[PDB]
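The next block holds one structure in the form of structure tokens; read it before the comments.
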């Protein structure tokens with residue numbers, strides 16, 4: 015439990031760091089850019105959808121915690147799939163990789179998506195680090211900026 019699920023997140027983070035190091039060593043020794093933007097309709101819609109789905113994932117995490135495979139596990143899997151798709155979109159949209167890989171939302175995704183996949187594969191009810199999804203609430207000020215209420 016302690017190392018059965020966190021190992022997936024640690025392995026994914028280490029593999030990403032190794033890939034970035036290899037890319038930098040090789041160097042030394086786009087549409088996604090439009091997708092992640094400001095007032096653009098696609099960017100605003102994507103950010104809002106990600107934020108509301110993060111709220112939904114947090115809520116189902118509250119439900120799981122208060123009730124301490136399940137259908138809610140499959141819904142969380144769909145949310146994780148959408149979030150990891152957005153992860154690759156913003157990754158290829160990023161100008162650099164080493165600086166991008168250390169961002170807060172990167173760790174947020176690392177500590178929840180691989181553990182969720184492993185738990186669903188093993189059909190276990192591990193609580194996981196889904197509460198880090200609440201960090202996505204920090205995207206609220208931009209969304210309101212897009213909504214002009216601010």
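In full-length UniProt numbering, the protein residues as written are 15 to 43, 86 to 124, 135 to 216.
Where is the CB? At the ideal position from N, CA and C, for every residue including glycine.
Under the three-state DSSP convention, the category residue i falls into
i, result
"residue 146", "helix"
"residue 92", "coil"
"residue 30", "helix"
"residue 42", "helix"
"residue 22", "helix"
"residue 87", "helix"
"residue 203", "helix"
"residue 164", "helix"
"residue 216", "coil"
Within 7 Å, strictly: CB atoms of residue i and residue j
i, j, result
"residue 164", "residue 34", "yes"
"residue 114", "residue 185", "no"
"residue 187", "residue 23", "no"
"residue 137", "residue 116", "no"
First and last residue of the uninterrupted alpha helix (DSSP H) at residue i
i, result
"residue 169", "Residue 169 -> no alpha helix (DSSP H), and no H or E assigned at all."
"residue 17", "Residue 17 -> no alpha helix (DSSP H), and no H or E assigned at all."
"residue 100", "97–122"
"residue 184", "179–188"
"residue 213", "206–213"
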